[PDB]
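This document opens with one chain alone, in structure tokens, the form solved without ligand COA.
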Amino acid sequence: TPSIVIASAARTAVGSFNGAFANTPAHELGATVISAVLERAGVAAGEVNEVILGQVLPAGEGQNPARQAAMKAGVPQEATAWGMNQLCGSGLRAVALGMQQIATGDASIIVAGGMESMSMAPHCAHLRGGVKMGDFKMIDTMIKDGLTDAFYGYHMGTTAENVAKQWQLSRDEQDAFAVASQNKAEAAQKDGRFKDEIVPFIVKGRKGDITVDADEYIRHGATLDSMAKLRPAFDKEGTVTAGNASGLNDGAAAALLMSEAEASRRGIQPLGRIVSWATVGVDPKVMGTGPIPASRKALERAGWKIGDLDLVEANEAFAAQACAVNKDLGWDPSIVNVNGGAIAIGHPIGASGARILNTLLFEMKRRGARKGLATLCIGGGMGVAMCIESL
């Protein structure tokens, strides 16, 4: 039976919408995190067989941004590279697909994760037939391909409203969660707890280079009071807001995968062993519920009980969905997103899953936690989870 480990991991800092990485292509963030995982494990880029990168918004970035990130990071032309999209779950799914390359004896060494620049996502219009008369729409690919449900036509925060309404979650419980997430994240940030996992990214300029190594979306000094001031963002009589939903963000995150025997040959002390993963579908109207069956399915594959977990990363798309998952699964809230979650840190879609996985792995190392789980809800109604055990 195969046994495949995460030798090393790294992520950029998460940028704010049109913030520090306003003009930085996804593959540029990508390339930095690929070299980082390689440098962090002591493996030469020339030893990478394949690079697999989750990416949702690749339009106008040119052929196969995954190969562009690979090549820029000095992975040789002889390797291969590709991109995939299971939306919010992409960056974590790519890690599982990579494990599969190795488990099936198709590859010995894989870099997998996700990259996303929501800033650089273009506006678009189908224009071949030509517009003989009348206005036409220039469509925001970020919104269209990222945040709009393809079946109901409404946005993801409307699905959060559905989940909020199902689980009867008050504005106050969602806001209390929100401020909790920010507070946890600003603590982690100041306490230095993101330094291990973040690789500085340098933003080249004519005016001068700017090194980015801090998560800029975290609100310092978030108060309940500030939270309670905001209007509902998707339903005039709704409870979801910009304060209790994640944001629009840019980042990359990756992990270096290989067999347990290989890490041991190379003297690598891996960050974890992938014991299981799972993906499952649910109603797109309540996609926030995804992590409930996916986590349960991952745990079933891992042969674990929910109580076995020492650390969880359950992605925070919206406070409504996040509370609901925590409610349903019944895991100790104190072990969930202990350094804050996406509401504070941001949600760079295709990278999110590799982002939270990074956070899980380094905090597991940090606390000496043995068993851990990452899970995300996925637009269109899915969830993905992955179980990790320390070596």
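When you see a residue number, it is the position in the sequence shown, counting from 1.
The same protein also has a form deposited with ligand COA bound, omitted here; what follows describes it.
Using a 4.5 Å heavy atom cutoff, none of 331, 359 and 369 lies near ligand COA in the deposited complex. When ligand COA is considered in the deposited complex, only one residue from 295, 117, 246, 90 comes within 4.5 Å through any heavy atom, namely 246. Of the residues given (124, 187, 180, 147), 147 alone sits with a heavy atom within 4.5 Å of ligand COA in the deposited complex. With ligand COA left out of view, the stretch that reaches within 4.5 Å of it through heavy atoms in the deposited complex is, among 265 to 273, 94 to 102, 107 to 115, 150 to 158, 150 to 158. Residue 227 belongs to the set of residues with a heavy atom inside 4.5 Å of ligand COA in the deposited complex. In the deposited complex, none of the heavy atoms of residue 176 sits within 4.5 Å of a heavy atom of ligand COA. Though the partner is left out of this view, residue 258 does not reach within 4.5 Å of ligand COA in the deposited complex, counting heavy atoms only. Proximity of residue 219 to ligand COA in the deposited complex: non-hydrogen atoms within 4.5 Å are present. In the deposited complex, ligand COA lies within 4.5 angstroms of a heavy atom of only one residue of 260 to 299, namely 287.
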